[PDB]
Each structure stands twice: as C-alpha cells, then as structure tokens.
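K.L.:
Below is one structure. I have some questions about it.
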Amino acid sequence: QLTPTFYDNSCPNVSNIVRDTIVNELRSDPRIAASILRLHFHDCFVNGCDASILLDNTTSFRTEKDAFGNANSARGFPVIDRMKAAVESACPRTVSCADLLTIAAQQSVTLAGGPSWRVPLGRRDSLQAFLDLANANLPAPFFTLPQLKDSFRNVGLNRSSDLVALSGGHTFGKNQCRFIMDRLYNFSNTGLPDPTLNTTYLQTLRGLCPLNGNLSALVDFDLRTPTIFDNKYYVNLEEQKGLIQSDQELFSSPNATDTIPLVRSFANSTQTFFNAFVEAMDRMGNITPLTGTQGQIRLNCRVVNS
Ligand code: HEM
Ligand SMILES: [Ca+2]
Ligand SMILES: [Ca+2]
Ligand SMILES: [O]
C-alpha cells in the first residue's frame, strides 16, 4: 500500500526540490504547472502511474510520446529530467520517476493556487512503455459522456465524481484550435456549431480559431482564470462556456443526470471542489502501481536501468 511518508527518512527534501524546480520554470514558462499535471494524468491512465510515459523509443517498444493523445501535445519532459537529476543528487537511487511525477503534479496544482496535500508514495517505475495502450486508453475531446465514463471506468475510476473533479484540471492550461474546430463550424456533420456552446463565446472562439486557420494555435481552457487553479472551470460549464466537447458534456449531455449536480456543487464551493479534487487525484494516483520490489527506481526517467 502507498503511503505519504515513504520518503520522510530516505529523502525528506524531495517535495521541496520538486517545488523549487517548478517555481523556477514557471518564470519562463507559465504553462508548465498545467503541463506537468497533465503528464501525471496521461501516466496513470496507461498501465497505472508507473512513469511509462516518460520512456523514450527503443528498438523493442515504441514510446507513448507518439500516441495520438501525447504527440505534439504532451510537454514538460525536460523539466521532469531537471528535477529528477536534482533529486538524484540529494538522494541517489531513491525516488522513482513515477513518484517524482506524482509529487510534481501535486506541487504544480498547489503552486497554481490549488489545494495542498501529501500524496501517497511508494510507486516504482515500469520496465517498458505502452503506445498501443495509450492510444486505446487516453480519452479524446470528441468523446460523448458515455465514452468519457467508459474511459475512466476502464482504468479503475468508476465514480462520476472522479470524472467531474479530475476534469477540473482544465481550470488552467492550453488547448489547440484543432480540438474545437468541429464545435465552431461543423459539429456532428451538421454544418452548424455545437448548440451547447454559448453563442457569445462562440464568436470569441471563432476569432481565435478561424476556419482554415492555424490549427495549432493555443486557447485557454478557462476564460475566467487561465492560469489559476480554482473552481471557475465549473462556473464556465454552467454558462455553456466549457471549451471542449468533453468539458461541456459534463453539464449538457443527455446522460449528465449524475454529473450535473457535481458540476453545480463544485461551482458553488471552492472547498467542495478542492476536497473532491484531492480525493479523485489520490484515487487516480492509486491506479495499478508497481510497489515493493516490482519494477525499479529509474535513474534516468527516459530509459530503463541497465
Ligand atoms: C476527461 C477527459 C479529458 C479529455 C478528453 C481531455 C482533453 C484535453 C485536450 C484535448 C487538451 C489539449 C491538448 C493540446 O491542445 O495539446 C488537454 C489539455 C490539458 N488537460 Fe485534459 N483532458 C481530459 C482530462 C484531464 C484530466 C483528468 C486532467 C488532469 C487532472 C487534465 C489536465 C489537462 C491540462 C492541465 C491541460 C493543459 C496542458 C498544457 O497546457 O500543457 N485533463 N486535455
Ligand atoms: Ca503509465
Ligand atoms: Ca482557472
Ligand atoms: O488532458
């Protein structure tokens, strides 16, 4: 079983080293906290939080970095290498990349103004990467609510609160125009925009993402507080201002009878949201971890030890 005190004897300063790395990076890249939280999410949804996503290509297995959900999207890998090297200096061969990324995700959330808590630790690193599994397990913005629920249940998160709270990760960070083009000009082959997108916001988004424009252009997930981790993401949904299809469906899907009350609850209280976010985050961080003597303590997060 994972425990928050796992490194209190072997590397008590690990959390501080991680925080310092992120604080420093945030000065030149204000998007890094959001990027790191997402890396942890994409790690945990593929064979569990085993740092499998950090592995680079080898002649025997392909990297998850080339998965449809990661390619030209996932970022911050060099920052993880930086904190890993710093931790290896402070405490040689002690902290696993999987745990390091979990702490990095929590510290990123806290630094962005979110809740502060000690994550369970003791995870170990995978001996391989899973590209096919990443392609099958990572959800997509065009997923219907039933599909989003299926995706979460598939990795072990049965609760709608898991889905609604964790989707709160979109309270900050960026999104490429490519992922909302259908919502803006031709949703579900209607030649019309997604009716669940507020018409005033629709005009704003069309200006940021014109037809035939730069699909890689970046837009903020949260129009209220783009870089602050707070419950504004849910207030947006209530006003039909969720950015991507998967965001708005939590409030507008015909299958949202169970998610709507959660959306409202989180929009109404920061405390209720933060509590639910920590609860869901720890549940996600508990997905099929390698523990004890299973796996290894990777020295270089990009490659398996040899
Ligand atoms: C529920 C299904 C989800 C879907 C379909 C989804 C989809 C997306 C998409 C399309 C992007 C934009 C990627 C790009 O433009 O390159 C993105 C970004 C992001 N997502 Fe998710 N996401 C989901 C869940 C989550 C969860 C569970 C978290 C974390 C708890 C999360 C955190 C983030 C963050 C912070 C960003 C911004 C990353 C950055 O700016 O570098 N997402 N997501
Ligand atoms: Ca993984
Ligand atoms: Ca926000
Ligand atoms: O994501």
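Here, each number is a calculation from the coordinates, and none is a lab measurement. Backbone-built Cβ (ideal geometry, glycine too); neighbour counts: all protein chains shown.
K.L.:
Please enumerate the residues belonging to the range 23-59 that are over 18 Å from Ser96 (Cβ atoms) and away from ligand 1 (no atom under 16 Å from the Cβ).
P.N.:
Within the range 23-59, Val23, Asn24, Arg27, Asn57, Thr58, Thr59 qualify.
K.L.:
To continue, here is another question. Go through (1) surrounded by fewer than 16 Cβ atoms within 10 Å (Cβ to Cβ); (2) out of contact with any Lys or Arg (no Cβ under 8 Å at 6 or more places or on another chain); (3) free of Cβ contacts under 8 Å to residues at least 60 places away in the same chain for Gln240 and report which single condition fails.
P.N.:
So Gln240 meets the others, but not (1).
K.L.:
Does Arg123 meet the test of being over 16 Å from the mean Cα position of the chain (by Cα), more than 14 Å from ligand 1 (Cβ to nearest atom) and more than 24 Å from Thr227 (Cβ to Cβ)?
P.N.:
Working: over 16 Å from the mean Cα position of the chain (by Cα): yes; more than 14 Å from ligand 1 (Cβ to nearest atom): yes; more than 24 Å from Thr227 (Cβ to Cβ): yes.
When the stated conditions are applied, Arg123 passes them.
K.L.:
To continue, here is another question. Give, as residue ranges, the helices (runs of 4 or more DSSP H) completely inside the range 1-91 that count at least 3 residues that are of a type outside the set (A, V, I, L, M, F, W, C) and out of contact with any helix residue (DSSP H, G or I) (no Cβ under 6 Å at 6 or more places or on another chain).
P.N.:
Numbers: elements: 14-26, 32-44, 77-90.
It comes to 14-26, 77-90.
K.L.:
Of (1) more than 15 Å from ligand 1 (Cβ to nearest atom); (2) crowded, with 21+ Cβ neighbours inside 10 Å, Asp20 satisfies all except one. Which?
P.N.:
(2)
K.L.:
Also: Restricting the range 167-183 to residues that are surrounded by fewer than 21 Cβ atoms within 10 Å (Cβ to Cβ) and among the hydrophobic types (A, V, I, L, M, F, W, C), which is nearest to ligand 2 (Cβ to nearest atom)?
P.N.:
Selected residue: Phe179.
K.L.:
I've got another one for you. Could you tell me which numbered condition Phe77 fails, if it satisfies all but one of (1) surrounded by fewer than 22 Cβ atoms within 10 Å (Cβ to Cβ); (2) away from ligand 4 (no atom under 16 Å from the Cβ)?
P.N.:
Answer for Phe77: the failing condition is (2).
K.L.:
Just to be sure I understand the filter: pairs with C-beta atoms under 6 Å, separated by 6 or more residues or on different chains, first member in the range 114-137 and over 28 Å from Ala276 (Cα atoms), second member part of a loop (DSSP other than H, G, I, E, B) and hydrophobic (A, V, I, L, M, F, W, C). Which pairs pass?
P.N.:
Qualifying pairs under 6 Å: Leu127/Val304; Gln128/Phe61; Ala129/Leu55; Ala129/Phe61; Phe130/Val46; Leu131/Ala67.
K.L.:
Filter the range 138-158 for residues that are free of Cβ contacts under 8 Å to residues at least 12 places away in the same chain and charged (D, E, K, R) and give the result. Give the derivation first.
P.N.:
Our first condition is that a residue be free of Cβ contacts under 8 Å to residues at least 12 places away in the same chain; within the range 138-158, this holds for 147, 150, 153, 158.
Selection gives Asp150, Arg153.
K.L.:
Can you tell me which residue is farthest from ligand 4 (Cβ to nearest atom) among those in the range 158-182 that are of a type outside the set (D, E, K, R) and outside any helix (DSSP H, G or I)? Walk me through how you get there before you give the answer.
P.N.:
Of all residues in the range 158-182, those of a type outside the set (D, E, K, R) come to 158, 160-161, 163-173, 175-177, 179-181.
Within this subset, residues satisfying the condition of being outside any helix (DSSP H, G or I) are 158, 172-173, 175-176, 180.
Numbers: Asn158: 20, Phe172: 12, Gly173: 8, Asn175: 9, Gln176: 12, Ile180: 14 Å.
In this case the residue turns out to be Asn158.
K.L.:
Do the conditions hold for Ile260, that is, is it out of contact with any strand residue (DSSP E or B) (no Cβ under 9 Å at 6 or more places or on another chain) and among the β-branched types (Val, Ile, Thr)? Reasoning before the result, please.
P.N.:
Working: out of contact with any strand residue (DSSP E or B) (no Cβ under 9 Å at 6 or more places or on another chain): yes; among the β-branched types (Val, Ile, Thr): yes.
Yes.
K.L.:
Please determine, by comparing only the residues of the range 110-132 that are out of contact with any helix residue (DSSP H, G or I) (no Cβ under 8 Å at 6 or more places or on another chain) and more than 18 Å from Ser15 (Cα to Cα), which one is surrounded by the fewest Cβ atoms within 10 Å (Cβ to Cβ).
P.N.:
Here the residue is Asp132.
K.L.:
Then there's this: Among the residues of the range 192-200, is there at least one that is crowded, with 18+ Cβ neighbours inside 10 Å, within 16 Å of ligand 4 (Cβ to nearest atom) and in contact (Cβ under 8 Å) with a residue 24 or more places away in the chain?
P.N.:
Looking for residues that are crowded, with 18+ Cβ neighbours inside 10 Å, within 16 Å of ligand 4 (Cβ to nearest atom) and in contact (Cβ under 8 Å) with a residue 24 or more places away in the chain, one finds none in the range 192-200, hence no.
K.L.:
So, of the residues in the range 149-194 that are among the charged types (D, E, K, R) and over 17 Å from the mean Cα position of the chain (by Cα), which turns out to be farthest from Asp50 (Cα to Cα)? Break it down into steps so the answer makes sense when it comes.
P.N.:
Start the filter on the range 149-194 by keeping residues that are among the charged types (D, E, K, R), which leaves 149-150, 153, 159, 162, 174, 178, 182-183, 194.
Pick out the ones that are also over 17 Å from the mean Cα position of the chain (by Cα) and you get 150, 159, 178, 182-183, 194.
Details: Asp150: 22, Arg159: 22, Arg178: 30, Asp182: 34, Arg183: 35, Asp194: 37 Å.
Per the stated criteria, the residue is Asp194.
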